[PDB]
Amino acid sequence: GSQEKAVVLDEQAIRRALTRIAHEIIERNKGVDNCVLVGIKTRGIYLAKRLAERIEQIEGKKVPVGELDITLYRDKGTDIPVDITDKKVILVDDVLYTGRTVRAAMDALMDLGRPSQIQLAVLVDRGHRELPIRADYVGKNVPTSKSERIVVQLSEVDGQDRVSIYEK
Amino acid sequence: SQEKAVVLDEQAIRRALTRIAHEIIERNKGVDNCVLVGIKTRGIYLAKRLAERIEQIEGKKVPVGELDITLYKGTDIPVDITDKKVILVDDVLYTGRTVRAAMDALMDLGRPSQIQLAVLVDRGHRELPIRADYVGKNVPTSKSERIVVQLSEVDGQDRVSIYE
Amino acid sequence: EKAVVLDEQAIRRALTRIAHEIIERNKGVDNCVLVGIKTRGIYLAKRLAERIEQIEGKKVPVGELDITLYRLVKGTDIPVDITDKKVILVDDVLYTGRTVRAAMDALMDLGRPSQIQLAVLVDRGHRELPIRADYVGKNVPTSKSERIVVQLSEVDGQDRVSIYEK
Amino acid sequence: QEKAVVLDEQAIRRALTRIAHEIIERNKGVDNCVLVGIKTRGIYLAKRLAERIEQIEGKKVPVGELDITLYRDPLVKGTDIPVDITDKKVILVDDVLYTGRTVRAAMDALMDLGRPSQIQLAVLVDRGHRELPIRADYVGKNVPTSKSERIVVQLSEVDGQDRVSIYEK
């Protein structure tokens, strides 16, 4: 839809969620040795870069960031600067809806290499999964109806940081 | 390896599977356009048990298919799965790599409208972002343990244990 | 009325599922007592006792608590001693958790149960206390300007759960 | 004796830092929040969290204390909360959540002192086996245990080291 129904994360809430996710990643992996962030185009890639910056500030370690170009089911090229074999790949996307985009991303990764794990971080989980896929790290669970959509704006691409529900 | 604990006896297995049958009916609002697909030997028997239980509850026969997948390939699914809700059934969810392969096989056969996952045991230690929709029992384990699932059809008794 | 979130078949499927969860988690229903929070919680409890009986061939005793719903304990009517029993408290909707907090305190005045479990048809979010249901029919997202209305046939003439802007 | 270490010192630090960020996130800052620790180790965890939150947000959250016999091993012995909690968000802090009986008693004590807007719960460890419908909002680690085990939390301020272990007993 075209009408903003609710703002569900403002700029500050986005920052607080990403910071908390960074801390989770570090906590669950016990540091970030052998981790690679891989963002899904376009907004996922910017979120991955933000997480890498935050992690570097927290831990003093640089996590490499790769990119996947995938058509988003919700609405097939690769650029990963390190070998992912035996690494822990943390996929990053803005919104988890059906899970079909993540399924395709997993398949791509598993063609490029044999990671030891693939984790998933998303800014929003909006429900309505169609595959048995779940994010390891979630910024905000945002309930939605099927007629609603999530709009993520990020300052790098869109001029402001905002997440909204839009409705017809 | 020695047995370290028993985590589900025969009655607990029966209770978990009956509850899972009721969850499947509940979440899908009936079982129209659903298809159960069992993974490997024990997932297939669990799928059959769930189909029999669902038939008794709802009076509808859900088709049961099979997938043969190597242990972390062949398929036998008796209906078209395009636009159907496929409920994959496995005995244990560990890394998620078997399920990832199973999803691949399914997508090769057809275009299901969704894929759900039912397991008797989730033992943690996922290596992919895969979760079961329906779980009999969450069984915490260390990496130096394994789950052993016995089902009467092939093993003589219904039991789940931790070994190692 | 904004959205019907459970119709009659969905209510039946949720309560049947909850009965099987209760039997599963308790490994049967020996030494269990259902206690409903008046009025709709009491009918839900009775439905659950009827389902459990069909499954297990045991009739779980059903008690009642009369409590002002935050969304004060006025009276209790529990037909068995609850000391060393597993009490399953039943309400229609979990919102803040303040009512359940008051119910727990009442129960603990009437006896020393081994445990207190909580079954609710709907969890609408917005907790204000660290209270969670063990058994939930449906998680129903709501805003603070909305309310959940539950109708059960025995006392309200139909089975329906809706969100109202109220 | 000791069966397994489940959080070492670095894992305790990382959990508490993460929890501080969760507290800030969920409450959108820490305005009108009050941390209340359960003795003996919950209070030190509350003070750690307050120090972390001050570093992150620049703001000092007041810390109170509750002295309660711990069911896991309830009587409310005493309270010492330095601000009024009416209409505030109280974040109760304990080291281990087991049956929930202690928290139940803590909630009662809080309600005797004031009318908080909400009561949140942070614990370092949730070891399962609840006997009441109580759950923590913030958890350091979910630690599966059997009924024949206990959790032992050591904190440097009380015990001379930071460690969480499972013991047979």
# chains A, B, ... in the order shown; residues from 1 in each chain; ligands from 1
>>> interface_residues(of="chain A", to="chain B", cutoff="9 Å", atoms="only C-alpha atoms", output="PyMOL selection string")
chain A and resi 88+98+102-103+106-107+116-120+129-136
>>> closest_atom_pairs(of="chain C", to="chain D", cutoff="9 Å", atoms="only C-alpha atoms", output="tab-separated table")
residue	atom	partner	partner_atom	distance
C:86	CA	D:131	CA	8.9
C:96	CA	D:118	CA	9.0
C:100	CA	D:133	CA	8.8
C:101	CA	D:104	CA	8.5
C:104	CA	D:132	CA	8.4
C:105	CA	D:104	CA	9.0
C:114	CA	D:131	CA	7.0
C:115	CA	D:131	CA	4.4
C:116	CA	D:132	CA	4.9
C:117	CA	D:133	CA	5.8
C:118	CA	D:133	CA	6.1
C:127	CA	D:118	CA	8.1
C:128	CA	D:118	CA	4.5
C:129	CA	D:119	CA	4.9
C:130	CA	D:135	CA	5.4
C:131	CA	D:134	CA	4.5
C:132	CA	D:133	CA	5.4
C:133	CA	D:133	CA	6.0
C:134	CA	D:133	CA	6.7
>>> closest_atom_pairs(of="chain C", to="chain B", cutoff="7 Å", atoms="only C-alpha atoms", output="Markdown table")
| residue | atom | partner | partner_atom | distance |
| --- | --- | --- | --- | --- |
| C:10 | CA | B:26 | CA | 7.0 |
| C:13 | CA | B:26 | CA | 5.3 |
| C:14 | CA | B:26 | CA | 6.5 |
| C:17 | CA | B:22 | CA | 5.4 |
| C:20 | CA | B:19 | CA | 5.3 |
| C:21 | CA | B:19 | CA | 6.4 |
| C:24 | CA | B:15 | CA | 5.5 |
>>> write_last_selection(atoms="N, CA, C and O atoms", output="mmCIF file, in the first residue's frame")
data_model
loop_
_atom_site.group_PDB
_atom_site.id
_atom_site.type_symbol
_atom_site.label_atom_id
_atom_site.label_comp_id
_atom_site.auth_asym_id
_atom_site.auth_seq_id
_atom_site.Cartn_x
_atom_site.Cartn_y
_atom_site.Cartn_z
ATOM 1 N N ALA C 10 -11.950 -22.497 14.649
ATOM 2 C CA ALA C 10 -10.593 -22.186 15.158
ATOM 3 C C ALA C 10 -10.539 -22.299 16.678
ATOM 4 O O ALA C 10 -9.531 -22.748 17.253
ATOM 5 N N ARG C 13 -10.455 -26.059 17.430
ATOM 6 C CA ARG C 13 -9.147 -26.647 17.129
ATOM 7 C C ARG C 13 -8.091 -26.220 18.139
ATOM 8 O O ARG C 13 -7.241 -27.039 18.561
ATOM 9 N N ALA C 14 -8.109 -24.956 18.539
ATOM 10 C CA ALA C 14 -7.157 -24.485 19.573
ATOM 11 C C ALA C 14 -7.367 -25.173 20.927
ATOM 12 O O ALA C 14 -6.388 -25.583 21.555
ATOM 13 N N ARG C 17 -6.255 -28.778 20.822
ATOM 14 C CA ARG C 17 -4.806 -28.797 20.884
ATOM 15 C C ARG C 17 -4.259 -28.495 22.240
ATOM 16 O O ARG C 17 -3.294 -29.208 22.749
ATOM 17 N N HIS C 20 -4.467 -31.530 24.552
ATOM 18 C CA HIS C 20 -3.363 -32.471 24.267
ATOM 19 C C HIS C 20 -2.063 -32.009 24.773
ATOM 20 O O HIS C 20 -1.257 -32.833 25.270
ATOM 21 N N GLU C 21 -1.808 -30.704 24.775
ATOM 22 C CA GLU C 21 -0.592 -30.106 25.420
ATOM 23 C C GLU C 21 -0.536 -30.260 26.877
ATOM 24 O O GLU C 21 0.516 -30.569 27.463
ATOM 25 N N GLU C 24 0.149 -33.952 27.522
ATOM 26 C CA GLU C 24 1.537 -34.149 27.218
ATOM 27 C C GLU C 24 2.501 -33.613 28.253
ATOM 28 O O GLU C 24 3.438 -34.355 28.707
#
>>> interface_residues(of="chain B", to="chain D", cutoff="10 Å", atoms="only C-alpha atoms", output="ChimeraX atom specification")
/B:139-141
>>> interface_residues(of="chain A", to="chain C", cutoff="10 Å", atoms="only C-alpha atoms", output="ChimeraX atom specification")
/A:142-144
>>> write_last_selection(atoms="N, CA and C atoms", output="compact mmCIF listing (two decimals), in the first residue's frame")
# COMPACT_ATOMS: atom_id res chain seq x y z
N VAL A 142 7.50 -7.61 13.73
CA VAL A 142 6.47 -6.66 13.41
C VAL A 142 5.29 -7.42 12.89
N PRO A 143 4.21 -7.58 13.72
CA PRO A 143 3.03 -8.22 13.13
C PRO A 143 2.43 -7.46 11.96
N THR A 144 2.05 -8.20 10.91
CA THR A 144 1.41 -7.60 9.77
C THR A 144 0.29 -8.44 9.26
>>> interface_residues(of="chain A", to="chain D", cutoff="6 Å", atoms="only C-alpha atoms", output="PDB file with N, CA and C atoms, in the first residue's frame")
ATOM      1  N   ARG A  16      19.320   1.369  17.954  1.00  0.00           N
ATOM      2  CA  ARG A  16      19.351   0.513  19.176  1.00  0.00           C
ATOM      3  C   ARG A  16      19.223  -0.970  18.827  1.00  0.00           C
ATOM      4  N   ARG A  20      22.175  -3.792  19.407  1.00  0.00           N
ATOM      5  CA  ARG A  20      21.883  -4.999  20.189  1.00  0.00           C
ATOM      6  C   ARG A  20      22.178  -6.271  19.384  1.00  0.00           C
ATOM      7  N   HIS A  23      25.878  -7.017  19.393  1.00  0.00           N
ATOM      8  CA  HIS A  23      26.231  -7.661  20.626  1.00  0.00           C
ATOM      9  C   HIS A  23      25.826  -9.132  20.713  1.00  0.00           C
ATOM     10  N   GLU A  27      28.246 -12.266  21.092  1.00  0.00           N
ATOM     11  CA  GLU A  27      27.954 -13.204  22.192  1.00  0.00           C
ATOM     12  C   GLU A  27      27.766 -14.641  21.716  1.00  0.00           C
TER      13      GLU A  27
END
>>> residues_around(residues="stretch 32-40 of chain C", least_positions_apart="2", cutoff="9 Å", atoms="only C-alpha atoms", output="ChimeraX atom specification")
/C:26,28-30,42-46,48-49,60-69,78,80,82,85-92,99-100,103,150-152,155
>>> closest_residue(among="D:66, D:5, D:30, D:111", to="residue C:102", atoms="only C-alpha atoms")
D:111
>>> residues_around(residues="residue D:70", least_positions_apart="5", cutoff="12 Å", atoms="only C-alpha atoms", output="PyMOL selection string")
chain D and resi 38-42+75-77+94-106
>>> select_by_dssp(residues="stretch 15-111 of chain B", states="strand (DSSP E or B)", output="ChimeraX atom specification")
/B:34-39,64-68,74-76,85-93
>>> write_last_selection(atoms="N, CA, C and O atoms", output="PDB file, in the first residue's frame")
ATOM      1  N   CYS B  34      -2.882 -30.374   1.732  1.00  0.00           N
ATOM      2  CA  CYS B  34      -1.638 -30.735   2.440  1.00  0.00           C
ATOM      3  C   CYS B  34      -1.140 -32.096   1.943  1.00  0.00           C
ATOM      4  O   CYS B  34      -1.923 -32.981   1.596  1.00  0.00           O
ATOM      5  N   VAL B  35       0.155 -32.299   2.041  1.00  0.00           N
ATOM      6  CA  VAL B  35       0.824 -33.538   1.677  1.00  0.00           C
ATOM      7  C   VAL B  35       1.964 -33.737   2.731  1.00  0.00           C
ATOM      8  O   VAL B  35       2.721 -32.822   2.942  1.00  0.00           O
ATOM      9  N   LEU B  36       2.011 -34.896   3.372  1.00  0.00           N
ATOM     10  CA  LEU B  36       3.082 -35.264   4.307  1.00  0.00           C
ATOM     11  C   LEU B  36       4.178 -35.935   3.546  1.00  0.00           C
ATOM     12  O   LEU B  36       3.901 -36.800   2.667  1.00  0.00           O
ATOM     13  N   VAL B  37       5.399 -35.477   3.730  1.00  0.00           N
ATOM     14  CA  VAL B  37       6.545 -36.099   3.055  1.00  0.00           C
ATOM     15  C   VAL B  37       7.589 -36.433   4.123  1.00  0.00           C
ATOM     16  O   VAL B  37       8.116 -35.542   4.765  1.00  0.00           O
ATOM     17  N   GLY B  38       7.806 -37.716   4.313  1.00  0.00           N
ATOM     18  CA  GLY B  38       8.773 -38.203   5.316  1.00  0.00           C
ATOM     19  C   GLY B  38      10.142 -38.288   4.753  1.00  0.00           C
ATOM     20  O   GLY B  38      10.329 -38.691   3.578  1.00  0.00           O
ATOM     21  N   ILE B  39      11.108 -37.918   5.599  1.00  0.00           N
ATOM     22  CA  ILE B  39      12.494 -38.033   5.272  1.00  0.00           C
ATOM     23  C   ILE B  39      13.071 -39.303   5.847  1.00  0.00           C
ATOM     24  O   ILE B  39      13.090 -39.510   7.083  1.00  0.00           O
ATOM     25  N   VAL B  64       0.879 -39.356   1.679  1.00  0.00           N
ATOM     26  CA  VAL B  64       2.204 -39.455   2.267  1.00  0.00           C
ATOM     27  C   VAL B  64       3.211 -39.808   1.223  1.00  0.00           C
ATOM     28  O   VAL B  64       3.060 -40.859   0.545  1.00  0.00           O
ATOM     29  N   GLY B  65       4.229 -38.982   1.087  1.00  0.00           N
ATOM     30  CA  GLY B  65       5.365 -39.233   0.216  1.00  0.00           C
ATOM     31  C   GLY B  65       6.632 -39.494   0.986  1.00  0.00           C
ATOM     32  O   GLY B  65       6.647 -39.376   2.211  1.00  0.00           O
ATOM     33  N   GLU B  66       7.672 -39.825   0.256  1.00  0.00           N
ATOM     34  CA  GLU B  66       8.920 -40.190   0.840  1.00  0.00           C
ATOM     35  C   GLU B  66      10.024 -39.538   0.145  1.00  0.00           C
ATOM     36  O   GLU B  66       9.995 -39.410  -1.094  1.00  0.00           O
ATOM     37  N   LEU B  67      11.069 -39.203   0.900  1.00  0.00           N
ATOM     38  CA  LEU B  67      12.329 -38.785   0.351  1.00  0.00           C
ATOM     39  C   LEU B  67      13.483 -39.613   0.889  1.00  0.00           C
ATOM     40  O   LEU B  67      13.574 -39.815   2.107  1.00  0.00           O
ATOM     41  N   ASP B  68      14.376 -40.077   0.030  1.00  0.00           N
ATOM     42  CA  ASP B  68      15.521 -40.832   0.474  1.00  0.00           C
ATOM     43  C   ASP B  68      16.685 -39.907   0.356  1.00  0.00           C
ATOM     44  O   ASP B  68      17.022 -39.444  -0.734  1.00  0.00           O
ATOM     45  N   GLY B  74      16.546 -40.189  -3.867  1.00  0.00           N
ATOM     46  CA  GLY B  74      15.426 -40.710  -4.579  1.00  0.00           C
ATOM     47  C   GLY B  74      14.191 -40.131  -3.926  1.00  0.00           C
ATOM     48  O   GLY B  74      14.216 -39.788  -2.739  1.00  0.00           O
ATOM     49  N   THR B  75      13.099 -40.058  -4.666  1.00  0.00           N
ATOM     50  CA  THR B  75      11.818 -39.572  -4.125  1.00  0.00           C
ATOM     51  C   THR B  75      10.665 -40.446  -4.548  1.00  0.00           C
ATOM     52  O   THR B  75      10.722 -41.114  -5.593  1.00  0.00           O
ATOM     53  N   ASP B  76       9.646 -40.495  -3.720  1.00  0.00           N
ATOM     54  CA  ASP B  76       8.450 -41.233  -4.031  1.00  0.00           C
ATOM     55  C   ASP B  76       7.259 -40.536  -3.417  1.00  0.00           C
ATOM     56  O   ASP B  76       6.806 -40.862  -2.316  1.00  0.00           O
ATOM     57  N   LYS B  85       0.563 -27.567   0.276  1.00  0.00           N
ATOM     58  CA  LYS B  85       1.344 -27.296   1.501  1.00  0.00           C
ATOM     59  C   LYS B  85       1.993 -28.626   1.875  1.00  0.00           C
ATOM     60  O   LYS B  85       1.310 -29.551   2.266  1.00  0.00           O
ATOM     61  N   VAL B  86       3.291 -28.711   1.682  1.00  0.00           N
ATOM     62  CA  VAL B  86       4.010 -29.915   1.964  1.00  0.00           C
ATOM     63  C   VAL B  86       4.534 -29.841   3.450  1.00  0.00           C
ATOM     64  O   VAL B  86       5.156 -28.869   3.800  1.00  0.00           O
ATOM     65  N   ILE B  87       4.216 -30.822   4.233  1.00  0.00           N
ATOM     66  CA  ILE B  87       4.714 -30.942   5.627  1.00  0.00           C
ATOM     67  C   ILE B  87       5.813 -32.042   5.647  1.00  0.00           C
ATOM     68  O   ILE B  87       5.490 -33.215   5.567  1.00  0.00           O
ATOM     69  N   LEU B  88       7.045 -31.603   5.624  1.00  0.00           N
ATOM     70  CA  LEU B  88       8.206 -32.454   5.749  1.00  0.00           C
ATOM     71  C   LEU B  88       8.256 -32.998   7.185  1.00  0.00           C
ATOM     72  O   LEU B  88       7.931 -32.247   8.140  1.00  0.00           O
ATOM     73  N   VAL B  89       8.574 -34.291   7.308  1.00  0.00           N
ATOM     74  CA  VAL B  89       8.582 -34.965   8.619  1.00  0.00           C
ATOM     75  C   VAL B  89       9.918 -35.655   8.764  1.00  0.00           C
ATOM     76  O   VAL B  89      10.308 -36.384   7.870  1.00  0.00           O
ATOM     77  N   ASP B  90      10.647 -35.356   9.872  1.00  0.00           N
ATOM     78  CA  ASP B  90      11.910 -36.037  10.173  1.00  0.00           C
ATOM     79  C   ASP B  90      11.919 -36.412  11.658  1.00  0.00           C
ATOM     80  O   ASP B  90      11.155 -35.874  12.473  1.00  0.00           O
ATOM     81  N   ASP B  91      12.744 -37.381  12.025  1.00  0.00           N
ATOM     82  CA  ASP B  91      12.765 -37.768  13.391  1.00  0.00           C
ATOM     83  C   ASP B  91      13.530 -36.740  14.254  1.00  0.00           C
ATOM     84  O   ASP B  91      13.100 -36.437  15.366  1.00  0.00           O
ATOM     85  N   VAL B  92      14.657 -36.277  13.775  1.00  0.00           N
ATOM     86  CA  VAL B  92      15.521 -35.360  14.543  1.00  0.00           C
ATOM     87  C   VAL B  92      15.944 -34.168  13.692  1.00  0.00           C
ATOM     88  O   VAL B  92      16.449 -34.366  12.538  1.00  0.00           O
ATOM     89  N   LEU B  93      15.812 -32.953  14.239  1.00  0.00           N
ATOM     90  CA  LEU B  93      16.436 -31.793  13.642  1.00  0.00           C
ATOM     91  C   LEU B  93      17.706 -31.475  14.440  1.00  0.00           C
ATOM     92  O   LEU B  93      17.672 -31.196  15.624  1.00  0.00           O
TER      93      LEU B  93
END
>>> closest_residue(among="B:1, B:43, B:142, B:80", to="residue D:6", atoms="only C-alpha atoms")
B:142
